[PDB]
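*Asks:* Below is one structure. I have some questions about it.
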Protein chains: 4
Amino acid sequence: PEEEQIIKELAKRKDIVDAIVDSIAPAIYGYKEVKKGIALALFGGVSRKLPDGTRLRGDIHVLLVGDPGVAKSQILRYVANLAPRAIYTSXXXXXXXXXXXXXXXXXXXXXXXXXXXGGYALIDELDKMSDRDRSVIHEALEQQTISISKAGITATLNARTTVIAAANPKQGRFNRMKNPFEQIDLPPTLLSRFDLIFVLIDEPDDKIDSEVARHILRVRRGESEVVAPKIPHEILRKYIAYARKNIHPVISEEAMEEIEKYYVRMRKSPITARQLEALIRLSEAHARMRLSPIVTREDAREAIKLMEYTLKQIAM
Amino acid sequence: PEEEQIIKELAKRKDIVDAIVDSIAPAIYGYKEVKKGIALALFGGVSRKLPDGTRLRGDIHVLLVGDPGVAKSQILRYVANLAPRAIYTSXXXXXXXXXXXXXXXXXXXXXXXXXXXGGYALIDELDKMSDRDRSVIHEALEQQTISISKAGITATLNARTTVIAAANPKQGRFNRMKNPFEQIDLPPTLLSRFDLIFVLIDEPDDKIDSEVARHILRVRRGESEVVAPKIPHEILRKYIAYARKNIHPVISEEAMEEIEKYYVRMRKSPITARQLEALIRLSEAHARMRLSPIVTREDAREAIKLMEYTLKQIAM
Amino acid sequence: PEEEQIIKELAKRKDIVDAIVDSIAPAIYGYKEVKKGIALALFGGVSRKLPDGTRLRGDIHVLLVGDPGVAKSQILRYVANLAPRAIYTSXXXXXXXXXXXXXXXXXXXXXXXXXXXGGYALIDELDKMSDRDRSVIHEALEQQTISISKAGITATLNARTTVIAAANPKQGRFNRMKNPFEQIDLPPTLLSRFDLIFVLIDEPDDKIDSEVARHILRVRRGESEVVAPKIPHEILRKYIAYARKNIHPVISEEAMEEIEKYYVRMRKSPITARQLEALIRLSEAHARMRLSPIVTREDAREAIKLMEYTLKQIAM
Amino acid sequence: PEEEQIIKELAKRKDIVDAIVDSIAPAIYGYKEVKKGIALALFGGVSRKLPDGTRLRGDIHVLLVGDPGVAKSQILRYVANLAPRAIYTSXXXXXXXXXXXXXXXXXXXXXXXXXXXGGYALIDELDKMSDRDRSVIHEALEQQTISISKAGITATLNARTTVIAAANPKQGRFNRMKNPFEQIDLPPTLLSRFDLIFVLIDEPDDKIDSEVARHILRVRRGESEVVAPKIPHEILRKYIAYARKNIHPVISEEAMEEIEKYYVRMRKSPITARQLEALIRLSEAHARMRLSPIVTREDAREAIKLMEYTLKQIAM
Ligand SMILES: Nc1ncnc2c1ncn2[C@@H]1O[C@H](COP(=O)(O)OP(=O)(O)O)[C@@H](O)[C@H]1O
Ligand SMILES: Nc1ncnc2c1ncn2[C@@H]1O[C@H](COP(=O)(O)OP(=O)(O)O)[C@@H](O)[C@H]1O
Ligand SMILES: Nc1ncnc2c1ncn2[C@@H]1O[C@H](COP(=O)(O)OP(=O)(O)O)[C@@H](O)[C@H]1O
Ligand SMILES: Nc1ncnc2c1ncn2[C@@H]1O[C@H](COP(=O)(O)OP(=O)(O)O)[C@@H](O)[C@H]1O
Ligand SMILES: [Mg+2]
Ligand SMILES: [Mg+2]
Ligand SMILES: [Mg+2]
Ligand SMILES: [Mg+2]
């Protein structure tokens, strides 16, 4: 509770929104959106069921697909080292690290890739999952409920976790013209489950490279650099678990008008009505991220920003 | 019986017909007919056998086929949460929810998709039923009697339930010109079993979209909104089970003339004499829906209205 | 309804109770109790479930075990020719007769011996059932619910029928001193399921034999004799199906005292608290048999009479 | 919250403790302890984990083993109709009733007997579980965590439910001298998992029988009697779910002295140090049952009472 005191203070801050991303991964340089994306993903949408409106997921899934050597693997890793109930697990070898452990997890489930059925499961190399390990997630993302009835017994595991995953193209790189979506090795009906897909191509370019490298070296020498979180990870991890508890943003007519005015815009053009749902989740989380609990015109605004970005990137 | 008192009063109401639909699914916006359709389906036709006129089904089956993201899945779900003996079960995973349970069902049968052989079985994704799970229904809709003689034993299960199902095109979407009936993945001799098929395409259009979205948000925030039943679901569920008991509408010469005058109209034009039978069921149920028990010119009138609609929608 | 008129009149009759038995099997001579037993069995106990008092079977099962040539086979047969939904099926050969058929049965199930899962299944030669065909009944009598999950599928059939069965001793005859219950080839935990077991030994004796024979010949010559029902079987079959509908006897404090005063008596002495339950079923049915719907001191009285008889017969 | 108001008031009541049991099963007559036992079991022990003191189960398991016709089956059933997340499932046939359903359960798991991995699983006939269905529970009671790794995948289901089960002797009845514990068909290392085992033998005796019967009849006639809960089940079910939320009894030095003073007593004599743990759970729950949250000398007192009873019954 001495902590709750601090948190409120942080939120008070003017730039909190920005500070929170600059703390996701201080190491990796850039990727403001892929950071502000994961950021929301870690705060999640409202997720509050009603009887009349049955179930109501709020968890925000995020896919990271790109050419090799773009920091995907790296990034996920940094998230594990931050996110509370984080499970990193790359399609390669057996068993995984991630966790900072404390007598195991608070509630149910576990498995092969290693998912806690809550908790965010950072799945690197989702395109190299043995069709089995894939299937499960596919169900988990789709249904929101896994199930194993191998034997006379029938086991229905309740899936309630967030998935921040990475993935490479079926080819490795995809710079070609063809759509980034034919190049991924995942069944489209799975991809459609992510609320945001960051496509990461990598032209050469001097400027950026110079920056990126100079940056690596910097935060690569000794055991310290002026390149560490803008917010302590222990604080920021409490701050998260906190907002995913006491805050449940309600949509301001203010915002409402902004998101619909857009969904319709978005419609004019592989869009469905789902795009609207996920957009809602982002803007809800963007509020929770700062504790509101009112998705103001700004929140909703920001949400669409990030989304029209994920989108632009698809044109490559 | 303190209840029966209320019911009669409701029926007394001038707009009951309308109130009853605005209570099917207050959530989903629009689809007056797909609502007033399901409405009848929940009240069913006369269904009263005679020795001379052998068997006499009255149950009204309803199929909902459309492009994705049109509320099919959603809708069925809301029906389960209303309909008395409702069983929702979407072709995906194992076991299903629906029921509000009370020491199981009043009479016989059960199975794989999960049907109670009475009770309405809301079958979402009927186009993704394993050829086995399909077969059964096919028989159930066709015969009105299932059967399993796997072993020396022979089991003939009496099928007496209503089927309100959904389904997607073999392609996913079907906006093309080709007939909506070549695009469905169900054997025509099954489809022919539905008394009403609502074809749901989805052009974009601003107006409607704006409405739909604005609506979602509305009844999507907090745990309450001015968007709940025009009639309490507990009352309306008793009202149903009641009319499917004490009311057995007889056809008024009044109406008779209206439905035949039409069937013949309908004939001029993939129509049979079955179309006449089902039309009869609707108009009978539309009365029962308000308790008559006389299919007045209005009832019969309404019936054909809904039917010439289901029809218009086929031209797409 | 022109029928309902007659029925009420019959009940009005002073001797109805007696008339009803003299109509079970006019052929077979004697066995007043085995007749008045089956009689009750055909009318069944209350059988009305409550939420607080969960399930509530009322069906009365009856076992007939005796030396050969005592009319068991015969009797069951006559019952099939009377009882509404009757299924006769003797452990021998394949398929069975019984039914008077009419487009099959009103509700679910069917099988190997041939049972309709309602309807009374007259099972002759229950001691010669292939351990399989036995098992089922055993479950059916015990659970009140059968089940076949042979394959990936799981089938739980609701068992709701009456069982009036016959059976011979493991030896054929049992005149010996040893208890009639060690001589039957059925698992005691099955036998315990019957509400009445009529043990039929057959000493020679002139008097009785003379009667029995003289009787056979009588109702054995030509195609007619003064030995036909005291009540038309078509009437009496409606009368049954009627009382198993409109009558649901409630226990009069009057009777209550009689049955408990006895159960306790019965206790002093292979008795349990189940004996009390079944006794309750008889007395309830004995009322329904005449339509009450109040288990008067007489009904309850009669019930124990029949029961202390089934009992005396066990001493042989 | 209008409810929370009532609850507090009930607790205020002087006799609440007693009222709460007289509401478990008003039907079945007697068994004050088997009622006050189940009562505690429904309120559970503290169950609050710490890092230093690792895991900390609080759920109270209860076994009911006795001769047939003692109300075991019946009782469990009444509990299902009360307990919030209750699952009744008797080793017989397939699928089970219990639940009052509401879009399925709040959290994870499901299976063969049918358990929700929280919620109390009322398992009647635990001695007739197919060695498979047993195993699971055995693990569930022992580990507190189930697991299915059938295939490449590995599924660890978190077991966090209460088990109120019944069971018959390997012989059926056991009146003999031999210890009730050799007569049960369960592996001793399973039985040791129950916090209370009620052994139910059934001598005849007139007095009691007269009572029992008279009672049955009473609450067996019509659809009503002065034999219904001393507390409404809807209230009492909220009251439970409430105390299993806001109350977490701490042990008063007051009580502490009472339970240890006894454990040691208990030691003098198949006792371990586990007996102490479970005793602690009862007394904790007995407080929670009335909301304390301080296990006063009385609570602890009561706990040992019930326990020295379960014990006396073992001498038979
Ligand atoms: N934008 C970036 N910022 C910082 N480091 C980067 C960046 N892009 C690539 N790197 C470097 O690449 C390495 C990680 O490559 P990696 O993420 O594992 O490729 P992939 O995502 O395809 O598995 C790191 O050691 C890091 O120094
Ligand atoms: N007409 C509508 N009214 C209200 N919501 C709608 C409507 N159409 C689509 N939706 C939205 O779409 C979502 C449901 O899509 P869904 O019914 O599952 O597609 P499908 O029927 O193909 O499975 C809901 O969350 C809902 O908000
Ligand atoms: N009490 C009886 N009344 C009339 N006929 C009887 C009687 N007992 C035996 N019978 C005669 O026995 C024959 C039937 O024997 P049955 O019932 O088949 O022996 P079981 O019961 O062991 O199969 C009938 O033809 C009938 O004439
Ligand atoms: N103590 C009792 N109080 C009330 N009814 C009882 C009692 N004991 C036995 N019964 C009767 O026994 C029947 C239930 O027997 P049951 O519980 O199913 O035996 P078991 O527990 O071995 O399965 C009920 O219908 C009930 O009337
Ligand atoms: Mg990589
Ligand atoms: Mg769908
Ligand atoms: Mg024979
Ligand atoms: Mg039992």
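Going through the structure tokens in order, the chains are called A, B, and so on, while each chain numbers its residues from 1 and the ligands are numbered from 1 in the order shown.
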Compile the residues of chain D that lie within 10 Å of chain C, evaluated using only C-alpha atoms, and express the compilation as a compact mmCIF listing (two decimals) with N, CA, C and O atoms, in the first residue's frame.
*Replies:*
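result13.txt was written with the following content:
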```txt
# COMPACT_ATOMS: atom_id res chain seq x y z
N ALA D 25 -29.91 -30.45 4.88
CA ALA D 25 -30.89 -31.35 4.31
C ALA D 25 -31.97 -31.50 5.34
O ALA D 25 -31.83 -32.21 6.33
N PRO D 26 -33.08 -30.78 5.14
CA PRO D 26 -34.24 -30.79 6.02
C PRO D 26 -34.97 -32.11 5.86
O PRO D 26 -35.60 -32.62 6.79
N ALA D 27 -34.86 -32.65 4.65
CA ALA D 27 -35.50 -33.91 4.30
C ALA D 27 -35.01 -34.99 5.22
O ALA D 27 -35.67 -35.34 6.19
N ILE D 28 -33.84 -35.53 4.88
CA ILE D 28 -33.26 -36.59 5.68
C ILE D 28 -33.42 -36.16 7.13
O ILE D 28 -33.25 -34.99 7.49
N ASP D 67 -23.54 -48.93 5.50
CA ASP D 67 -24.37 -50.03 5.01
C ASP D 67 -25.33 -49.38 4.02
O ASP D 67 -25.48 -48.17 4.00
N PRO D 68 -25.98 -50.18 3.18
CA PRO D 68 -26.89 -49.56 2.22
C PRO D 68 -28.16 -49.06 2.88
O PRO D 68 -28.48 -49.47 3.99
N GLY D 69 -28.87 -48.18 2.18
CA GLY D 69 -30.12 -47.64 2.68
C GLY D 69 -30.01 -46.78 3.92
O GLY D 69 -30.84 -46.87 4.83
N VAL D 70 -28.97 -45.94 3.95
CA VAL D 70 -28.72 -45.05 5.08
C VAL D 70 -28.84 -43.57 4.72
O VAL D 70 -28.61 -42.73 5.56
N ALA D 71 -29.18 -43.27 3.47
CA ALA D 71 -29.36 -41.89 3.00
C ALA D 71 -28.14 -41.24 2.35
O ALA D 71 -28.20 -40.07 1.98
N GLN D 74 -28.92 -40.09 -1.16
CA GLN D 74 -29.88 -39.02 -0.94
C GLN D 74 -29.18 -37.73 -0.51
O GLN D 74 -29.21 -36.73 -1.22
N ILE D 75 -28.55 -37.76 0.65
CA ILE D 75 -27.84 -36.61 1.19
C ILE D 75 -26.99 -35.87 0.18
O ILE D 75 -27.23 -34.69 -0.07
N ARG D 77 -27.02 -35.70 -2.84
CA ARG D 77 -27.93 -35.07 -3.77
C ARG D 77 -28.45 -33.73 -3.23
O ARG D 77 -28.40 -32.72 -3.93
N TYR D 78 -28.93 -33.70 -1.99
CA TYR D 78 -29.43 -32.46 -1.41
C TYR D 78 -28.37 -31.41 -1.32
O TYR D 78 -28.66 -30.22 -1.37
N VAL D 79 -27.12 -31.84 -1.17
CA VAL D 79 -26.03 -30.90 -1.07
C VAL D 79 -25.83 -30.26 -2.42
O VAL D 79 -25.63 -29.05 -2.50
N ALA D 80 -25.90 -31.04 -3.48
CA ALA D 80 -25.72 -30.47 -4.81
C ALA D 80 -26.74 -29.36 -4.99
O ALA D 80 -26.41 -28.26 -5.45
N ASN D 81 -27.99 -29.64 -4.62
CA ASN D 81 -29.07 -28.67 -4.75
C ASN D 81 -28.91 -27.43 -3.84
O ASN D 81 -29.74 -26.52 -3.85
N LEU D 82 -27.83 -27.40 -3.06
CA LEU D 82 -27.56 -26.26 -2.18
C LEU D 82 -26.24 -25.62 -2.57
O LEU D 82 -26.22 -24.53 -3.14
N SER D 90 -22.53 -39.91 -9.46
CA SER D 90 -22.44 -41.24 -8.86
C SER D 90 -21.85 -42.26 -9.83
O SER D 90 -22.27 -42.34 -10.98
N UNK D 91 -20.89 -43.06 -9.35
CA UNK D 91 -20.27 -44.08 -10.19
C UNK D 91 -21.34 -45.01 -10.76
O UNK D 91 -21.66 -46.07 -10.20
N UNK D 92 -21.90 -44.58 -11.90
CA UNK D 92 -22.95 -45.30 -12.60
C UNK D 92 -23.42 -44.49 -13.82
O UNK D 92 -23.76 -43.31 -13.70
N UNK D 93 -23.44 -45.15 -14.98
CA UNK D 93 -23.85 -44.54 -16.26
C UNK D 93 -22.88 -43.47 -16.75
O UNK D 93 -21.69 -43.54 -16.47
N UNK D 94 -23.39 -42.48 -17.49
CA UNK D 94 -22.55 -41.39 -18.01
C UNK D 94 -23.17 -40.01 -17.77
O UNK D 94 -24.39 -39.89 -17.58
N UNK D 95 -22.33 -38.98 -17.78
CA UNK D 95 -22.74 -37.59 -17.52
C UNK D 95 -23.53 -37.50 -16.20
O UNK D 95 -24.10 -38.49 -15.74
N UNK D 96 -23.54 -36.32 -15.58
CA UNK D 96 -24.24 -36.13 -14.31
C UNK D 96 -25.05 -34.82 -14.26
O UNK D 96 -24.86 -33.93 -15.10
N UNK D 98 -26.66 -32.39 -10.98
CA UNK D 98 -26.15 -31.41 -10.02
C UNK D 98 -26.47 -29.96 -10.37
O UNK D 98 -27.56 -29.45 -10.08
N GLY D 172 -20.67 -54.66 1.34
CA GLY D 172 -22.01 -54.11 1.21
C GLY D 172 -22.41 -53.55 2.56
O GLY D 172 -22.73 -52.36 2.68
N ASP D 202 -26.26 -49.55 10.52
CA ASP D 202 -27.67 -49.32 10.77
C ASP D 202 -28.40 -50.46 11.48
O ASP D 202 -28.98 -51.33 10.85
N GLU D 203 -28.34 -50.43 12.80
CA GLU D 203 -29.02 -51.43 13.60
C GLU D 203 -30.48 -51.17 13.30
O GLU D 203 -30.83 -50.15 12.72
N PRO D 204 -31.36 -52.11 13.66
CA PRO D 204 -32.77 -51.86 13.37
C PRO D 204 -33.37 -50.83 14.32
O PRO D 204 -33.50 -49.67 13.96
N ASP D 205 -33.71 -51.24 15.54
CA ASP D 205 -34.29 -50.34 16.54
C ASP D 205 -35.64 -49.73 16.12
O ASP D 205 -35.76 -49.12 15.06
N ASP D 206 -36.64 -49.88 16.98
CA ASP D 206 -37.98 -49.37 16.70
C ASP D 206 -38.06 -47.85 16.72
O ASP D 206 -38.40 -47.22 15.72
N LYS D 207 -37.77 -47.27 17.88
CA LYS D 207 -37.81 -45.82 18.07
C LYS D 207 -37.37 -45.08 16.82
O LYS D 207 -38.18 -44.52 16.09
N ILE D 208 -36.06 -45.08 16.60
CA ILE D 208 -35.48 -44.40 15.46
C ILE D 208 -36.25 -44.70 14.16
O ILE D 208 -36.72 -43.77 13.50
N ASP D 209 -36.40 -45.97 13.81
CA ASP D 209 -37.13 -46.34 12.59
C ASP D 209 -38.48 -45.65 12.49
O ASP D 209 -38.80 -45.04 11.47
N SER D 210 -39.28 -45.77 13.54
CA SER D 210 -40.58 -45.13 13.58
C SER D 210 -40.41 -43.66 13.16
O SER D 210 -41.12 -43.16 12.28
N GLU D 211 -39.44 -43.00 13.78
CA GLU D 211 -39.15 -41.60 13.49
C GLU D 211 -38.83 -41.41 12.03
O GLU D 211 -39.51 -40.68 11.32
N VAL D 212 -37.78 -42.09 11.58
CA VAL D 212 -37.34 -42.00 10.21
C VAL D 212 -38.46 -42.17 9.23
O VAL D 212 -38.64 -41.35 8.33
N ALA D 213 -39.22 -43.25 9.38
CA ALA D 213 -40.32 -43.48 8.46
C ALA D 213 -41.31 -42.33 8.57
O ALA D 213 -41.51 -41.58 7.61
N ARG D 214 -41.93 -42.18 9.73
CA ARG D 214 -42.89 -41.11 9.93
C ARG D 214 -42.40 -39.85 9.22
O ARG D 214 -43.16 -39.15 8.57
N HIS D 215 -41.10 -39.59 9.32
CA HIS D 215 -40.53 -38.41 8.70
C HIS D 215 -40.62 -38.48 7.18
O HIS D 215 -41.06 -37.52 6.53
N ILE D 216 -40.20 -39.59 6.60
CA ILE D 216 -40.25 -39.73 5.16
C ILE D 216 -41.63 -39.40 4.68
O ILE D 216 -41.82 -38.43 3.96
N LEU D 217 -42.61 -40.20 5.10
CA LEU D 217 -43.98 -39.95 4.69
C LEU D 217 -44.25 -38.45 4.75
O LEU D 217 -44.57 -37.83 3.73
N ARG D 218 -44.11 -37.87 5.95
CA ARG D 218 -44.35 -36.44 6.12
C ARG D 218 -43.85 -35.71 4.88
O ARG D 218 -44.62 -35.43 3.96
N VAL D 219 -42.55 -35.45 4.85
CA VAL D 219 -41.95 -34.75 3.72
C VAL D 219 -41.86 -35.66 2.53
O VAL D 219 -40.76 -35.93 2.05
N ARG D 220 -43.01 -36.14 2.07
CA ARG D 220 -43.07 -37.05 0.93
C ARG D 220 -44.45 -36.93 0.33
O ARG D 220 -44.71 -37.45 -0.75
N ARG D 221 -45.33 -36.23 1.03
CA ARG D 221 -46.68 -36.08 0.53
C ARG D 221 -46.97 -34.69 0.01
O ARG D 221 -46.56 -33.70 0.60
N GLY D 222 -47.69 -34.65 -1.11
CA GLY D 222 -48.03 -33.38 -1.72
C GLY D 222 -46.76 -32.75 -2.26
O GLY D 222 -45.79 -33.45 -2.53
N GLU D 223 -46.77 -31.43 -2.42
CA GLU D 223 -45.59 -30.73 -2.91
C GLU D 223 -45.08 -29.76 -1.84
O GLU D 223 -44.28 -28.87 -2.13
N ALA D 228 -38.91 -27.96 5.30
CA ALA D 228 -38.15 -27.20 4.32
C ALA D 228 -37.12 -26.42 5.16
O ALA D 228 -37.32 -26.22 6.37
N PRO D 229 -36.05 -25.93 4.53
CA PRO D 229 -34.98 -25.18 5.19
C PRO D 229 -35.37 -24.20 6.27
O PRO D 229 -36.43 -23.58 6.20
N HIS D 233 -32.50 -21.54 0.80
CA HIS D 233 -31.29 -22.00 0.13
C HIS D 233 -30.61 -20.96 -0.74
O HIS D 233 -29.39 -20.99 -0.89
```
*Asks:* 7 Å from ligand 6 is the threshold here; counting only C-alpha atoms and all ligand atoms, which polymer residues fall inside it? Answer as a PDB file with C-alpha atoms, in the first residue's frame.
*Replies:*
```
ATOM      1  CA  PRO B  68     -18.718 -13.717 -41.534  1.00  0.00           C
ATOM      2  CA  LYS B  72     -24.922 -15.319 -36.367  1.00  0.00           C
ATOM      3  CA  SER B  73     -22.787 -16.894 -33.653  1.00  0.00           C
ATOM      4  CA  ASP B 124     -23.914 -22.650 -34.811  1.00  0.00           C
ATOM      5  CA  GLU B 125     -21.527 -23.439 -37.683  1.00  0.00           C
TER       6      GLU B 125
END
```
*Asks:* Would you list the contacts of segment 305-312 of chain C as a ChimeraX atom specification, taking every protein, DNA or RNA residue within 7 Å and counting only C-alpha atoms, but skipping same-chain residues closer than 3 positions in sequence?
*Replies:* /C:33,196-198,301-302,315
*Asks:* In terms of the shortest atom-to-atom distance over only C-alpha atoms and all ligand atoms, which of C:266, C:20, C:126, C:164 is closest to ligand 7?
*Replies:*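 Of C:266, C:20, C:126, C:164, the one nearest ligand 7 is C:126, counting only C-alpha atoms and all ligand atoms.
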*Asks:* Tell me, as a list in words, which residues lie within 12 Å of residue 292 of chain B, counting only C-alpha atoms; anything in the same chain fewer than 4 positions away does not count.
*Replies:*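 In the requested format, the answer is residues 8, 11, 12, 46, 243, 246, 247, 248, 249, 250, 251, 252, 283, 284, 285, 286, 287, 288, 296, 297, 298 and 299 of chain B.
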*Asks:* Please write the residues from the selection above to a file, keeping C-alpha atoms, as a PDB file, in the first residue's frame.
*Replies:*
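Done, and the output landed in result-v3.pdb:
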```pdb
ATOM      1  CA  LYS B   8     -52.540 -13.293 -20.004  1.00  0.00           C
ATOM      2  CA  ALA B  11     -50.939 -10.948 -24.373  1.00  0.00           C
ATOM      3  CA  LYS B  12     -53.640  -8.364 -23.667  1.00  0.00           C
ATOM      4  CA  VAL B  46     -49.524 -26.705 -34.069  1.00  0.00           C
ATOM      5  CA  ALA B 243     -48.311 -21.121 -25.136  1.00  0.00           C
ATOM      6  CA  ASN B 246     -52.428 -24.378 -23.682  1.00  0.00           C
ATOM      7  CA  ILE B 247     -52.713 -22.966 -27.199  1.00  0.00           C
ATOM      8  CA  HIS B 248     -53.297 -24.951 -30.384  1.00  0.00           C
ATOM      9  CA  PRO B 249     -54.439 -22.497 -33.102  1.00  0.00           C
ATOM     10  CA  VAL B 250     -57.037 -23.609 -35.595  1.00  0.00           C
ATOM     11  CA  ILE B 251     -57.092 -22.080 -39.017  1.00  0.00           C
ATOM     12  CA  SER B 252     -59.768 -19.457 -39.638  1.00  0.00           C
ATOM     13  CA  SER B 283     -48.904 -18.593 -39.171  1.00  0.00           C
ATOM     14  CA  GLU B 284     -50.003 -21.150 -36.593  1.00  0.00           C
ATOM     15  CA  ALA B 285     -47.062 -20.209 -34.341  1.00  0.00           C
ATOM     16  CA  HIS B 286     -47.573 -16.491 -34.918  1.00  0.00           C
ATOM     17  CA  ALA B 287     -50.988 -16.955 -33.320  1.00  0.00           C
ATOM     18  CA  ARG B 288     -49.758 -19.131 -30.475  1.00  0.00           C
ATOM     19  CA  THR B 296     -56.730 -14.945 -38.019  1.00  0.00           C
ATOM     20  CA  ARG B 297     -56.258 -13.186 -41.354  1.00  0.00           C
ATOM     21  CA  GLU B 298     -53.524 -11.136 -39.672  1.00  0.00           C
ATOM     22  CA  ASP B 299     -51.516 -14.069 -38.428  1.00  0.00           C
TER      23      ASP B 299
END
```
*Asks:* Please identify which residues in segment 43-289 of chain A DSSP calls alpha helix (DSSP H) from the backbone, and express them as a PyMOL selection string.
*Replies:* chain A and resi 43+72-80+131-142+180-183+188-191+206-218+233-246+253-267+274-288
*Asks:* Skipping near chain neighbours, those fewer than 4 positions away, what residues fall within 9 Å of residue 153 of chain B using only C-alpha atoms, listed as a short mmCIF file (atom, residue, chain, number, x, y, z; two decimals) with N, CA, C and O atoms, in the first residue's frame?
*Replies:*
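Okay, result_31.cif is ready:
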```
data_model
loop_
_atom_site.label_atom_id
_atom_site.label_comp_id
_atom_site.auth_asym_id
_atom_site.auth_seq_id
_atom_site.Cartn_x
_atom_site.Cartn_y
_atom_site.Cartn_z
N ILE B 148 -29.53 -45.54 -33.71
CA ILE B 148 -28.19 -46.11 -33.55
C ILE B 148 -28.35 -47.59 -33.27
O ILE B 148 -28.87 -47.97 -32.22
N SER B 149 -27.93 -48.43 -34.20
CA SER B 149 -28.03 -49.87 -33.99
C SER B 149 -26.62 -50.45 -34.01
O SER B 149 -26.38 -51.53 -34.56
N UNK C 110 -34.46 -48.15 -27.31
CA UNK C 110 -34.76 -49.48 -27.83
C UNK C 110 -33.49 -50.34 -27.63
O UNK C 110 -32.49 -49.81 -27.17
N UNK C 111 -33.51 -51.64 -27.95
CA UNK C 111 -32.28 -52.46 -27.80
C UNK C 111 -32.26 -53.98 -28.14
O UNK C 111 -32.92 -54.42 -29.08
N UNK C 112 -31.49 -54.76 -27.37
CA UNK C 112 -31.28 -56.23 -27.53
C UNK C 112 -32.38 -57.19 -27.01
O UNK C 112 -32.80 -58.12 -27.71
N UNK C 113 -32.76 -57.02 -25.74
CA UNK C 113 -33.83 -57.82 -25.16
C UNK C 113 -35.05 -57.19 -25.82
O UNK C 113 -35.95 -57.89 -26.29
N UNK C 114 -35.02 -55.85 -25.84
CA UNK C 114 -36.03 -54.96 -26.42
C UNK C 114 -36.78 -54.17 -25.35
O UNK C 114 -37.82 -54.60 -24.85
#
```
*Asks:* Can you tell me, as a PyMOL selection string, what residues are no more than 6 Å from segment 34-38 of chain C when counting only C-alpha atoms, ignoring any on the same chain fewer than 3 positions away?
*Replies:* chain C and resi 21+31+41
*Asks:* Need to verify the contact set: residue 316 of chain C, 9 Å, only C-alpha atoms, exclusion of same-chain residues closer than 2 positions in sequence. Can you return it as a PyMOL selection string?
*Replies:* chain C and resi 175+177+179-180+199-201+312-314
*Asks:* One decimal, Å: what's the distance from atom CA of residue 162 of chain C over to atom CA of residue 131 of chain C, could you say?
*Replies:* 20.2 Å
*Asks:* Just list the residues in segment 11-91 of chain D DSSP gives strand (DSSP E or B) on the backbone, as a ChimeraX atom specification.
*Replies:* /D:62-66,87-88
*Asks:* Let me see the file: selected residues, C-alpha atoms, as an mmCIF file, in the first residue's frame.
*Replies:*
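The result, written out as result04.cif:
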```cif
data_model
loop_
_atom_site.group_PDB
_atom_site.id
_atom_site.type_symbol
_atom_site.label_atom_id
_atom_site.label_comp_id
_atom_site.auth_asym_id
_atom_site.auth_seq_id
_atom_site.Cartn_x
_atom_site.Cartn_y
_atom_site.Cartn_z
ATOM 1 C CA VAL D 62 -15.612 -35.577 3.713
ATOM 2 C CA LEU D 63 -16.209 -39.290 3.315
ATOM 3 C CA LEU D 64 -19.495 -41.051 4.046
ATOM 4 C CA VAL D 65 -19.156 -44.847 4.294
ATOM 5 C CA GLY D 66 -21.990 -47.097 5.385
ATOM 6 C CA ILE D 87 -21.157 -31.365 -8.987
ATOM 7 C CA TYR D 88 -22.964 -34.582 -8.101
#
```
*Asks:* For the atom pair atom CA of residue 282 of chain C and atom CA of residue 40 of chain C, what is the interatomic distance in Å to one decimal place?
*Replies:*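 Going from atom CA of residue 282 of chain C over to atom CA of residue 40 of chain C, I get 6.3 Å.
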*Asks:* Can you tell me how far atom CA of residue 168 of chain B sits from atom 25 (O, counted along the ligand's line) of ligand 2, in Å to one decimal?
*Replies:* 16.9 Å
*Asks:* B:6, B:227, B:16, B:86: which is nearest ligand 2, counting only C-alpha atoms and all ligand atoms?
*Replies:* B:227
